[PDB]
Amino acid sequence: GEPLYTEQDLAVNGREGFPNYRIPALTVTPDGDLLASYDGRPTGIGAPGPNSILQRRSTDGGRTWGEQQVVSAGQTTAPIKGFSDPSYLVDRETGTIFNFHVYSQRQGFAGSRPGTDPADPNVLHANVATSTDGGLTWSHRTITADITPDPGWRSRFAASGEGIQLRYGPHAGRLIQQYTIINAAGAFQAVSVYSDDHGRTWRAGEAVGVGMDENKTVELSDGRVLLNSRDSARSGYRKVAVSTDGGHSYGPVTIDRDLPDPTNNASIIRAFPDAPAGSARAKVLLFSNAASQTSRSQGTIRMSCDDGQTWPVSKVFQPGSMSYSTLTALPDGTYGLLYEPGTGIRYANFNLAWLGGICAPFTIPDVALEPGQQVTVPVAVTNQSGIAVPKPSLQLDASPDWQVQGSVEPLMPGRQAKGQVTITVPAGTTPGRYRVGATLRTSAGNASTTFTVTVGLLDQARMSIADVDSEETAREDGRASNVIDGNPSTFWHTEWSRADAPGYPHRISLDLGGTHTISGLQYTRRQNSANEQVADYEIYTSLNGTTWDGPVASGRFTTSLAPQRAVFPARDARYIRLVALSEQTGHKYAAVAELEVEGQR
């Protein structure tokens, strides 16, 4: 139908009683009012700031909003109290509404100490406010002692946004609110807090993962409970896990590389929460987060039509600053989106037509070629839409100097479809790894994927370390072999945990796995520290590993975070060596995240 996307600020920093507003929670009451909840932060900080939990209501479906009310009032006079980080949870069977949030006194999350006694000021308490009148009035309780079965859990907070009620399985009706805890080793873990008696009693299930943080659960088409987490170890992606016992416990936690995230909250919901179990509609998820890995920006909505296996459809809702966001399904079939644009709290409303997607995830493999060559790669489309598309097309977003064309056969319900992409890379094309975007376009919506075309770079998987002067292995993973694993987050670091480690020069030599015509090397510095950066360098090559030729190139690298090229006339070699002569400001150590070799495979 007709696309819809509108926005309207609900709180602006400096207005209506608070210098700063943060942390959105959004839900729909049983009578169909929208509730938006968020912190007022009189001092601009999270707990233990003397924060209040606030609420505005719309009775006209999101179009207009009432006065800002206090759900739980902070206290800036003694005794100091703060209430922060709200999460709504509606019990749709009894009509009760909950709003989970912290109760701080002297400590926030990081500083909370062990114990569950409400009168202990050094505990970050888990509160819930409860409303039986559609969010007009609230009672308050502290449930910390009910959700702390391990006395080692010295801190917790409900992940702000919106919790769920299971519709399926032996635990249908269960209320589930996600928490993060800090255990006795200082690890951040996720856990589900839940009630099977409509919120009279709450407990914690079993904690899962390390490097966890604010996390969210959603009931999948078969009643499994998918957990999606912010990654406090900052991979640049969401972490995921799944429960088969209604959120009591979760399996292994993995990194989901389909969901970039810059370490920030996010939400995931059923698109059709009333859909019957096992149904095509019950497999549809929407996800909201910041898609940049480096900043809270690029607010993106994604859609999965297969219980979160793939996310074929995505659209930007906020190109600029976008921190926390939380989705809720509205009764008129659109979606509410409450988020942080940097100026407070903002409410967006959109529909599936705006999203403009088709449930047709598809793959194109990565491929490698030389400058001046042409390659065709197969496309495979899994049509999940349940509809036929006679005339699909495939549009590629590559460097304009390349000639790139694609096609794809007619979509049939419940079928795989084949296509092809032909990529021609003019000669002279700068060696590197090039992201190409692909869009499957149809009259019924679009889907996308990407794939990488490697031009003029040798195969790292065939390489190995021939030698290195020095490497730290004891106090971190600085193995020389980290330069060729293709991961920009791992690095070679020269040894530093002993005093008798060497300064510069340092040296790392690669076996290319065979003889290749090569003409360059590309260096990528350590991304997360400044003082082990290679500066003056020489490059050598060799046919046997012992008689080195050169320097074939020499120079001084800069502090750029991007690959830096060192080129030399084409020559046949089985090994290449980088001698790092100096560090940028004369420090003792070298670190390198990646080395690529420019040459023909």
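Numbering starts at 1 and follows the sequence shown.
For the pair 19-27 and 589-597, the mean B factor over Cα atoms is greater in 589-597. Taking the mean C-alpha B-factor of each stretch as recorded, 328-336 and 368-376 are not equal, and the higher mean is that of 368-376. Which of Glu67, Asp39, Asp33, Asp572 has the largest Cα B-factor in the deposited entry comes down to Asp572. Of the candidates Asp196, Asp213, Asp397, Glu219, the deposited coordinates give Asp397 the top C-alpha B factor. Ranked within its chain, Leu581 lands in the highest third, by CA B factor from the PDB record. Placement of the Cα temperature factor of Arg257 within the chain: middle third of the modelled residues, per the deposited record. Ranked by C-alpha B-factor against the other modelled residues of its chain, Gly44 falls in the middle third. In the PDB entry, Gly62 places in the middle third of its chain by CA B-factor. The deposited CA B-factor of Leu543 belongs to the highest third of values across its chain.
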